[PDB]
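First the structure, in the form of C-alpha cells, and then the observations on it.
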Amino acid sequence: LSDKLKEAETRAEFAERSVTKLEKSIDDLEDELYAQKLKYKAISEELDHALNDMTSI
Amino acid sequence: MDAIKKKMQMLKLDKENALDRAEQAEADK
Amino acid sequence: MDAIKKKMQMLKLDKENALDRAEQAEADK
Amino acid sequence: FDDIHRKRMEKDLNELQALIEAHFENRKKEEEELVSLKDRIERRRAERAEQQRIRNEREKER
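Protein chains in written order, with the working numbering: chain A, 110 to 166; chain B, 389 to 417; chain C, 389 to 417; chain D, 9 to 70.
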C-alpha cells in the first residue's frame with residue numbers, strides 16, 4: 110500500500126501535474142489560440158466586409 | 389474577390405465591346 | 389485595393405468613352 | 009442586352025446590401041461572440057492560473 114500510495118501519489122502528482130500542465134498549456138493554447146481565433150476571423154472577416162466595400166467602385 | 393471576378397468580366401467585356409463599337413463606328417467610314 | 393479601384397474606374401471609363409465614341413463616330417459615318 | 013446590365017446592377021446592389029450587412033454582421037456576430045467567449049476563456053484561464061499558483065505554494069509548504 111505504501112508503494113501503491115507512493116506510485117499513486119506520484120501518479121496523483123503526475124496526473125494532476127499533467128492536468129494542470131495541460132490546463133495551462135490549453136489555456137496558454139486556447140488563449141493564444143483565441144487570439145488567432147478572434148483575430149484571424151475578424152481580420153479575414155473585416156477584410157471580407159471591406160471587400161464588399163472595396164469592390165464598390 | 390468574387391465581386392471583382394464578375395465585375396472584371398463585365399467591364400472587360402463591356403469596354404471591349406464598346407471599344408470594338410467605337411473603332412467600327414469610325415472605321416466603317 | 390488600388391488595382392481594383394483604379395482599374396475598375398478606368399475600364400469603366402474606357403467603356404463609357406468608347407460607347408460615346410461609337411455613337412459619335414457612327415453619327416459621323 | 010441592356011437588360012443584362014440592369015440585371016447585373018440588380019444582383020450587385022441586392023448583393024451589396026446583403027454584403028454590407030453580411031460583411032459587418034458576420035463579423036460582429038463572430039467577432040463579438042468570439043471576444044465575449046474568449047474574454048471569458050481568458051478570465052477563466054487567469055483564475056485557474058492563479059488557483060494553480062496558490063496550489064503550488066500550498067504544496068511547497070506541505
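Beta carbons: idealized from backbone N, C-alpha and C, even for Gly.
How many Å lie between D/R14 and D/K37 at the Cα?
-> Between D/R14 and D/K37, the alpha-carbon positions lie close to 33 Å from each other.
Would you mind working out which of D/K68, D/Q60, D/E69, D/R70 sits nearest A/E125, comparing C-alpha positions?
-> Looking only at D/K68, D/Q60, D/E69, D/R70, the smallest Cα-Cα distance to A/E125 is reached by D/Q60.
Between the CA atoms of B/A406 and B/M398 - distance to the nearest angstrom = So the two alpha carbons sit approximately 12 Å from each other.
Return the first residue and the last residue of the alpha helix (DSSP H) that D/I49 is part of.
-> Unbroken alpha helix (DSSP H) run through D/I49: 10-69.
Residue 338 of chain C to A/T164 span [Cα, whole Å] | Because chain C spans 389 through 417 in this model, residue 338 of chain C falls outside it and cannot be assessed.
Buried or exposed: A/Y149, going by 16 or more other Cβ atoms within 10 Å of its Cβ?
-> Flag for A/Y149 reads exposed.
Three-state secondary structure (DSSP) of B/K417 | In the structure shown, B/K417 adopts coil according to DSSP, grouped into three states.
Would you verify that the beta carbon of residue 76 of chain A is, or is not, closer than 8 Å to some beta carbon of chain B?
-> No answer is possible for residue 76 of chain A: it lies beyond the span of chain A, which begins at 110 and ends at 166.
Touching or not, the region 126-140 of chain A and the region 40-57 of chain D, by the rule of three or more beta carbon pairs under 8 Å?
-> Taking 8 Å as the limit for Cβ pairs, the verdict is that the region 40-57 of chain D does touch the region 126-140 of chain A.
Buried or exposed for C/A410, please, with buried defined as at least 16 other CB atoms from any protein chain shown within 10 angstroms of its CB.
-> Burial call: buried.
Is D/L42 closer than 8 Å to A/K146 when the C-beta atoms are compared?
-> Taking 8 Å as the Cβ cut-off, A/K146 and D/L42 qualify as a contacting pair.
In whole angstroms, what separates the C-alpha of B/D402 from that of D/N34?
-> Cα to Cα, B/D402 sits roughly 33 Å from D/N34.
Look at the Cβ atom of C/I392, then the Cβ atom of A/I166, and state whether they are nearer than 8 Å.
-> Yes.
Indicate whether at least one CB of chain D lies closer than 8 Å to the CB of residue 63 of chain A.
-> Since the first and last residues shown for chain A are 110 and 166, residue 63 of chain A lies out of range.
Going by other Cβ atoms of all chains shown within 10 Å of its Cβ, with 16 needed for buried, is B/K417 buried or exposed?
-> Exposed, since its Cβ has fewer than 16 Cβ neighbours within 10 Å.
Given a limit of 7 Å on CB to CB distance, which residues of the region 10-21 of chain D reach chain B?
-> Those residues of the region 10-21 of chain D that come within reach of chain B (Cβ to Cβ, closer than 7 Å) are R16.
Taking A/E139 as the reference, give the member of D/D10, D/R66, D/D11, D/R48 with the closest Cα.
-> Answer by Cα proximity: D/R48.
Look at residue 5 of chain D and A/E154 and say whether their C-beta atoms are less than 8 Å apart.
-> This structure cannot settle anything about residue 5 of chain D, because the visible part of chain D is limited to 9 through 70.
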